[PDB]
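The structure appears below as structure tokens.
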Amino acid sequence: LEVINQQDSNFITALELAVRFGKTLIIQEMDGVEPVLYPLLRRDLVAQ
Amino acid sequence: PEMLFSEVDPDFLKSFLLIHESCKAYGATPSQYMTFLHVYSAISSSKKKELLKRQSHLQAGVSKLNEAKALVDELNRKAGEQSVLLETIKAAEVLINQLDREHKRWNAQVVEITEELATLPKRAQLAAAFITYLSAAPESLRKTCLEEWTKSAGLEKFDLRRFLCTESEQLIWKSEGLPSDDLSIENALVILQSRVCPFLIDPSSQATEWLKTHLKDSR
Amino acid sequence: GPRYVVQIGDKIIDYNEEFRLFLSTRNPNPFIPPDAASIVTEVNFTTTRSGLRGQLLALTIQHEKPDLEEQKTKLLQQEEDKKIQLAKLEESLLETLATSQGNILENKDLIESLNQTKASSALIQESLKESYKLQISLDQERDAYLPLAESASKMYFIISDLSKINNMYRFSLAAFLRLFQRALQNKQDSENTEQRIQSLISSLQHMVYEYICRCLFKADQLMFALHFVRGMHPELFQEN
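Those protein sequences? They're chains A, B and C, same order as listed. PDB author numbering puts the first residue of the first sequence at 3300, with every later residue one more than the last. Letter by letter, the second sequence follows residues 2820 to 2826, 2847 to 2925, 3167 to 3299 in PDB author numbering. PDB author numbering puts the first residue of the third sequence at 3348, with every later residue one more than the last.
Spelled out as structure tokens, the structure:
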């Protein structure tokens, strides 16, 4: 687990670590739906 | 090597320097010096672990045989004592009929491995130096250099193709299409190396057919 | 993060931990610089003297009589399979000693160990009798060809060094073994075999000399002749 705030300085870096390491992620102070988080909330998975 | 030691002492170290200074006359890159040290450490670790496993199994055998003999040396006597105041002898003798050869076979290897693993570092030096240098030279240079190194250590017996591989693997390699020469078998021993990539100079494709035969199992 | 990537041209590619790379080569030269040879360890499959001797010896045994060849094949294969099965049967001796280390006099594992050791002793005595029943039976039917194969292994290393004065004097080995086939297939010599061995070395030197002087330059045949004579009989010119 990692828990992060919305208006936080290290948001996208910790988001990258949470997508890579397989964490379970909780976000605190959301003011809506972020622009960044649209393909992750959808399914956008190109295969390698 | 003294920083690869913690991570007789000076005779090993000055032997390394003299081996390298003699091997500078064929092309001696310091990458080969470091490959030498890494494969030395790897082979010495694997052989120390396998020799400790062999002594552990032989010690367990020498414990269990002596314990069963000490148990069987008095059980029929206790039954005879109970009969005196007032059925395992056949299977015990049947077990002893195999144990007379079995314990006699499994005896000596305890002292054998005990005297062997005091002579592992120089053997690992020779086995590493052969792999990290002499897979290129013609066989006269193999013979001359192995003889000079063997006289340098002082153990003029004690070959290496039996030290590093046993008979069963040789006949299994022969069962596939490996050529049966000394050169072909020593070349197939050198591709034990996995620090670097092996490079097969091969005019007729038998050794390649053999390698892609017995690498069937993995992907 | 947890993985590793490695550069291949322009792409960025995950380096899987099960990566093992081997690569073959058909010509000892080409090609290494002195930069890509301090990381790549080089192995040269080569035909040498003692191997080529046994190769031609096996060819002569197979071309003398097929029965001795089939016998020396089947006996060696059965001896190898018996050695592997003997190691397998003696590989249960650790189990019979310390499979559990308890109630070894009680359970019938010690009873089955007696049967296994009986099988081991039977196979050991049988392999002793077999290794006695193959040694002189193969030596006297295999040693009737080696004074042919000895000088036939001399001649190839004679004609190997012909390139070092004139280029395109480079000779293969597949055609050489084709010649060694042609020595049998055209002979049809019915005599004593010990009278046949000098006949076959004699009718092989002619075919070697004619096959090489098909190729040579006209100012080189005396060179080839004298070096060939120095190669075959090194005793008739003594020392210094």
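Ideal Cβ positions, reconstructed from N, Cα and C, are used throughout, including at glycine.
Taking the beta carbon of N3363 of chain C as reference, no residue of chain B falls within 7 Å; the closest one sits roughly 10 Å away. In the same chain as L3324 of chain A, and ignoring 5 residues on each side of it, the C-beta atoms closer than 7 Å to its own belong to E3301, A3317, in chain order.
Chain order gives no chain C residues near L3269 of chain B, where near means a beta carbon separation below 9 Å; the closest approach is about 10 Å. Neighbours of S3397 of chain C across chain B, judged by C-beta separation under 8 Å: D3261, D3262. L3235 of chain B and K2853 of chain B have their C-alpha atoms spaced approximately 18 Å apart. Along the segment 3431 to 3445 of chain C, going in chain order, the ones with a CB nearer than 7 Å to a CB of chain B are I3431, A3434, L3440, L3441, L3444, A3445. For the segment 3306 to 3336 of chain A, the full-length alpha helix (DSSP H) segments reaching 4 residues or more read 3310 to 3319 along the chain. Here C3562 of chain C is exposed. Its C-beta has fewer than 16 other C-beta atoms within 10 Å.
Here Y2865 of chain B is exposed. Its C-beta has fewer than 16 other C-beta atoms within 10 Å.
Positions of the alpha helix (DSSP H) runs, each at least 4 residues long and wholly inside the segment 3427 to 3498 of chain C, are given as 3440 to 3445, 3456 to 3489 in order along the chain. For a Cβ distance threshold of 7 Å, residue set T3372, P3375, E3389, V3390, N3391, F3392 of chain C lies close to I3281 of chain B, ordered along the chain.
Between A3496 of chain C and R3400 of chain C, the CB-CB gap stays under 8 Å. Under the 8 Å criterion on CB atoms, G3356 of chain C is classed as non-interfacial with respect to chain A. Around the beta-carbon of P3349 of chain C, fewer than 16 other beta-carbon atoms lie within 10 Å, marking it exposed. Scanning its chain for C-beta atoms nearer than 6 Å, with the 5 sequence neighbours on each side dropped, one finds no residue around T3388 of chain C.
Here DSSP, grouped into helix, strand and coil, assigns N3267 of chain B to helix.
The shortest C-alpha to C-alpha distance from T3212 of chain B to any of B:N3267, B:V3174, B:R3181 is the one to B:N3267. Spanning the alpha carbons of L3240 of chain B and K3421 of chain C requires a straight line of approximately 30 Å.
The criterion of a C-beta distance shorter than 8 Å is not satisfied by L2891 of chain B and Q3189 of chain B. At least one CB of chain B lies nearer than 8 Å to the CB of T3464 of chain C. Below 8 Å, enough C-beta pairs join the segment 3271 to 3285 of chain B and the segment 3360 to 3376 of chain C to call them touching: three or more. Counting the other Cβ atoms within 10 Å of the Cβ of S3460 of chain C gives 16 or more, which makes it buried. If you draw a straight line from the Cα of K3501 of chain C to the Cα of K3480 of chain C, it is about 33 Å long.
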